[PDB]
Student: 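Here it is, the structure, as structure tokens.
Count residues from 1 along the sequence. Just so you know, ligand 1 is whichever comes first in the structure, and atom 1 is the first atom listed for that ligand. Values below: all heavy atoms of this structure, side chains included; hydrogens, waters and symmetry mates excluded.
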Amino acid sequence: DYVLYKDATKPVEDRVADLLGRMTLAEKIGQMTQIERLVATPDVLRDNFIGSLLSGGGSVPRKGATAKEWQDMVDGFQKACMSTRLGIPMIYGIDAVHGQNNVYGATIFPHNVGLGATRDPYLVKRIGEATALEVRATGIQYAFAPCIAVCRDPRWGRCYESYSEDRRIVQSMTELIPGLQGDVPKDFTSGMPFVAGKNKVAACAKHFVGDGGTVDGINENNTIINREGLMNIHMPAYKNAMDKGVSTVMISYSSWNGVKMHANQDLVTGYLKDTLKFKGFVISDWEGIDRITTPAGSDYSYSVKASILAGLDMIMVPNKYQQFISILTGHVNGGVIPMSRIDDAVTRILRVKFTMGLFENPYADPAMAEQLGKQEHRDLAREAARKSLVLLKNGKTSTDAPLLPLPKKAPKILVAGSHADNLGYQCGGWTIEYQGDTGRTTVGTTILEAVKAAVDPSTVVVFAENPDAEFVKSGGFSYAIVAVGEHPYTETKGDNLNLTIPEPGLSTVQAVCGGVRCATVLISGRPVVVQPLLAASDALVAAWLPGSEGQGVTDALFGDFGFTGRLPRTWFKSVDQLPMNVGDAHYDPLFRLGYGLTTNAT
Ligand SMILES: OC[C@H]1O[C@@H](S[C@H]2[C@H](O)[C@@H](O)[C@H](O)O[C@@H]2CO)[C@H](O)[C@@H](O)[C@@H]1O
Ligand SMILES: *[C@@H]1O[C@H](CO)[C@@H](O)[C@H](O)[C@H]1NC(C)=O
């Protein structure tokens, strides 16, 4: 009664081949199908031999769910999968792209653009490490991260998910990968997948390729650039990912010179697989195959043929699994898609599952639950937040006293602005909900809370969200901290041609700073029109989307640490200049990539 694939002491490739040789067409196509937990039931998982599940943004068992509730959900799905004839465990994926961010009480790290400002790849690794633990705390084995897009136009609604417009910074930050997955061994072959074990997670380098180079930063659009620019800008970090053993790669919605990435056999098979020698699995984006056609979904039969022939291994359906499975089955049965293509896709999927130890530990570890939101992880996020801040101005004239760092002791201070006490706003998109949200959406410390935690007990802290000029002038304030900026957004909702922050933002800064010396904290996913905020402010800090740990902000405002962050993107003078990147011809920045003022700790 020995079955070689169930034997944990055998080599991964022997286990993969042994299992593959036993599988029916239905079992094989099943591996290739990922479905939303929203459509999953025990019978659906068993009857369709489903290979993977995901939670999309905001797909949660319930609002407020505990780590254990997540574990019990995942384990209930796994129980169903393990009960099939072959008992192939599912892999569960989720967008843990700045911590385990769909989950209440999870540590929310700064978004990527802020992490780019740190120039600290070891920090990002340690964030990968903490994120894996917080993901495994919820029973989940697979994170759709890192986004290694090189955003070339900040009008893109996902620019905050890019570490930098400079491919070299992005390349340096692929250290997230061995943080999430573990360090590959001495003699590792570039392109092979790797995950250390049950305390780590499979990663996903996304979105292949040129997602950050789209015309006018239009999300999911066309990236018009020759092979040499594709390979010089958008590709390099994928090779770094191969060298670090990234387990999966997700394909972009975007097109390259008019060809849909989800149908690009030359790039997916010819380049990623045959040239970079990637041996993990390639996954679609969410209804990515549907979007091959215009309109989307209008020829699903073609979407399945084109994508699987292009070299995609797993399809994030994620809802219409019966139609996907029926169509791919028919294509195989009719000789349109050879068995060799199915066998390759399934080889890769199983290779990742076996390598990461999923057949040995298919179920959650309840002892890991307490990793969620752990104070050591918050301290890390707080460090990252502080390191991400870029000080853009610290004095209206070169002769003024520097405003920062501020003194912790003063009779009375003002904290103001729409973003001074709003956790959701300081977290941005991909936090609790897909699009993010407003207000106290999870566990954290707002800027106002951090000020109160930082200041001398004699210091009276006044909060006013949008005070008028008279209120400020009459307040007897020593100084003000005013926080304003962008509202949370994701993907196309963030595509923005004007890049001016919503009002009241500017008007609040003008009223505050017109009455008292002010430090303006700008919360944004990207450079936004900033000359008017600058002209009003004594000091101004670009804080990006710093996450749950607002004490990172006050750590630098009050001089516990000096400002060290440096712009990871060009700050434009005007949106009419865009696209404009470091190294262009017409390069006329307000602040060049690399700019950032410093302070010393007090
Ligand atoms: O979340 C998986 C995958 O998604 C796309 S966006 C996805 C949201 O998760 C889902 O809740 C919403 O209704 O649909 C959107 C896309 O239309 C994303 O490009 C990718 O990075 C992410 O890993
Ligand atoms: C780019 O966006 C326009 C709408 O702005 C749309 O008509 C077109 O199909 C898009 N192209 C691609 C390749 O996504």
Side-chain angles (χ1 to χ4, degrees), residues 34-39 52-60 91-98 100-103 111-112 131 135 140 142-149 151 153 155-162 180 201-225 246-264 281-298 312 314-320 429-437 488-497:
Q34 185 187 75
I35 72 173
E36 236 289 343
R37 53 160 289 279
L38 286 162
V39 299
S52 181
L53 282 85
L54 86 154
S55 275
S59 181
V60 305
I91 188 174
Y92 197 109
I94 196 164
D95 295 282
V97 299
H98 64 146
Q100 175 52 146
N101 52 72
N102 288 119
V103 177
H111 273 299
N112 284 178
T131 298
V135 178
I140 296 171
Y142 177 26
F144 302 131
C147 180
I148 58 165
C151 170
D153 195 323
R155 295 168 298 182
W156 188 34
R158 310 193 76 166
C159 206
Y160 65 83
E161 294 197 73
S162 174
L180 290 165
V201 302
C204 181
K206 73 186 192 180
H207 316 82
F208 184 82
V209 60
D211 49 341
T214 59
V215 170
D216 299 325
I218 297 171
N219 183 221
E220 314 200 3
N221 208 253
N222 199 11
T223 291
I224 303 167
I225 192 172
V246 75
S247 289
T248 72
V249 173
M250 183 183 297
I251 303 301
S252 183
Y253 288 132
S254 64
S255 302
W256 177 46
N257 295 324
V259 177
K260 292 281 174 178
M261 286 306 323
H262 286 254
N264 200 321
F281 74 79
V282 178
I283 186 168
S284 79
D285 210 334
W286 175 287
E287 294 167 343
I289 77 170
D290 313 46
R291 297 180 203 179
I292 287 170
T293 60
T294 312
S298 67
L312 277 75
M314 177 181 298
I315 302 305
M316 178 184 310
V317 184
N319 297 324
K320 286 144 63 273
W430 288 113
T431 313
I432 302 300
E433 306 288 347
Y434 173 46
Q435 288 293 324
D437 200 355
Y489 55 82
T490 305
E491 293 206 63
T492 311
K493 283 40 91 260
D495 285 357
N496 183 329
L497 293 180

Student: For the pair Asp153 (side chain) and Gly213 (backbone), establish whether a donor and an acceptor sit closer than 3.5 Å, ignoring hydrogens and angles.
Tutor: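 No.
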Student: Protein heavy atoms near atom 2 (O) of ligand 2, is at least one of them under 4.0 angstrom away?
Tutor: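 So atom 2 (O) of ligand 2 has protein heavy-atom neighbours under 4.0 Å.
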Student: Give the residue, atom name and distance (to 0.1 Å) of the protein heavy atom nearest atom 13 (O) of ligand 1.
Tutor: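 Its nearest protein heavy-atom neighbour is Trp286 CZ2, 4.0 Å.
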Student: Suppose we measure from atom 21 (O) of ligand 1 to each protein heavy atom; which comes out shortest, and what is that distance?
Tutor: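 Minimum-distance protein heavy atom for atom 21 (O) of ligand 1 reads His207 NE2, 2.7 Å.
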Student: Is a donor on one side and an acceptor on the other found under 3.5 Å between the side chain of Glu36 and the backbone of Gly56?
Tutor: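 Yes; judged by distance alone, with no hydrogens or angles, the pair exists.
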Student: List the closest protein heavy-atom neighbour of atom 5 (O) of ligand 2: residue, atom name, distance to the nearest 0.1 Å.
Tutor: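 Residue, atom and distance for the closest contact: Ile218 CD1, 4.1 Å.
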Student: Taking 4.0 angstrom as the limit and counting only heavy atoms of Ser255, give me the atoms of ligand 2 inside it, by number and element.
Tutor: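 Those of ligand 2 that fall under 4.0 Å from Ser255 are 13 (C).
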Student: Donor-acceptor check, side chain of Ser162 to backbone of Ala149, threshold 3.5 angstrom: yes or no?
Tutor: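 Yes, because the side chain of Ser162 sits within donor-acceptor range (under 3.5 Å) of the backbone of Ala149.
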Student: Give the atom numbers and elements of ligand 1 that come within less than 4.0 Å of a heavy atom of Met250.
Tutor: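 With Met250 as reference, the close atoms of ligand 1 come out as 20 (C), 23 (O).
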Student: Which of the numbered atoms in ligand 1 are under 4.0 angstrom from any heavy atom belonging to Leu54?
Tutor: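 Numbered from 1, ligand 1 contributes 2 (C).
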Student: Angle between ring planes, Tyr253 versus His262, binned at 30° and 60°: parallel, tilted or perpendicular?
Tutor: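 Correct class here is parallel.
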Student: Just distances here: any N/O of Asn221 and N/O of ligand 2 closer than 3.5 Å?
Tutor: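 Among all N and O atoms of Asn221, at least one is under 3.5 Å from an N or O of ligand 2.
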Student: Look only at the side chain of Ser247 and the backbone of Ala202, and say whether a donor-acceptor pair between them is shorter than 3.5 Å.
Tutor: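 Absent.
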Student: Using a 4.0 Å heavy-atom cut-off, say whether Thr490 meets ligand 1 through its side chain, its backbone, both or neither.
Tutor: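 None of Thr490 does.
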Student: Can you tell me which portion of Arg158 lies within the under-4.0 Å heavy-atom range of ligand 1? Options are side chain, backbone, both, or neither.
Tutor: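 Answer for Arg158: side chain.
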Student: Short question: side chain of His207, backbone of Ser254 - any donor-acceptor pair under 3.5 Å?
Tutor: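 Absent.
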Student: Using a strict 4.0 Å cut-off to heavy atoms of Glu220, name the atoms of ligand 2 that fall inside it.
Tutor: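 This gives 14 (O) as the contact atoms.
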Student: Using a 4.0 Å cut-off to any heavy atom of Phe144, which atoms of ligand 1 qualify?
Tutor: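 It comes down to these atoms of ligand 1: 23 (O).
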Student: Tell me which protein heavy atom sits closest to atom 23 (O) of ligand 1, plus the residue, atom name and distance to 0.1 Å.
Tutor: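 It is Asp95 OD1, 2.6 Å.
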Student: What protein heavy atom is closest to atom 20 (C) of ligand 1, reported as residue, atom name and distance in Å?
Tutor: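 Result for atom 20 (C) of ligand 1: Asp285 OD1, 3.2 Å.
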Student: Can a protein heavy atom be found under 4.0 Å away from atom 9 (O) of ligand 2?
Tutor: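 Protein heavy atoms within 4.0 Å of atom 9 (O) of ligand 2 - there are none.
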Student: Determine the sole option in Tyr160, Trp430, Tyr434 for which the ring pair (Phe, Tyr, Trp, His ring centres under 6.0 Å) test with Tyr489 is passed.
Tutor: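 Exactly one option meets the ring pair (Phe, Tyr, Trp, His ring centres under 6.0 Å) with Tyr489, and it is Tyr160.
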Student: Is the closest heavy atom of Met316 to ligand 1 under 4.0 Å?
Tutor: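 Checking ligand 1 against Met316, which is what was asked, there is a heavy-atom contact under 4.0 Å.
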Student: Looking only at atom types and distance, does a side-chain atom of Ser284 sit under 3.5 Å from a main-chain N or O of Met316, one as donor and one as acceptor?
Tutor: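 At least one qualifying donor-acceptor pair exists.
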Student: Give the minimum heavy-atom separation between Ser52 and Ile91, together with the two atoms involved.
Tutor: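 What the structure gives for the nearest pair is OG-O, 2.7 Å.
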Student: Is there a donor-acceptor contact under 3.5 Å from the side chain of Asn222 to the main chain of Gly258?
Tutor: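 Answer holds: yes.
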Student: Under a 3.5 Å distance rule, please check whether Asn219 uses its side chain to pair with a backbone N or O of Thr492 as donor and acceptor.
Tutor: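 The answer is yes, because a donor-acceptor pair under 3.5 Å joins these two groups.
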Student: Donor-acceptor pair, distance only, cut-off 3.5 Å: does the side chain of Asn319 make one with the backbone of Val39?
Tutor: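 Checked: no pair found.
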Student: Heavy atom under 4.0 Å from ligand 1: found in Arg291's side chain, backbone, both, or neither?
Tutor: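 The answer is the side chain.
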Student: Does ligand 1 have a heavy atom under 4.0 Å from the side chain of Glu491, from its backbone, from both, or from neither?
Tutor: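 Only the side chain of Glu491 comes within reach of ligand 1.
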Student: Give the residue, atom name and distance (to 0.1 Å) of the protein heavy atom nearest atom 9 (O) of ligand 1.
Tutor: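 Answer for atom 9 (O) of ligand 1: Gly57 N, 2.8 Å.
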Student: For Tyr253, take its heavy atoms, then give the atoms of ligand 1 lying under 4.0 Å from any of them.
Tutor: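 Those of ligand 1 that fall under 4.0 Å from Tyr253 are 5 (C), 16 (C), 17 (O), 19 (O).
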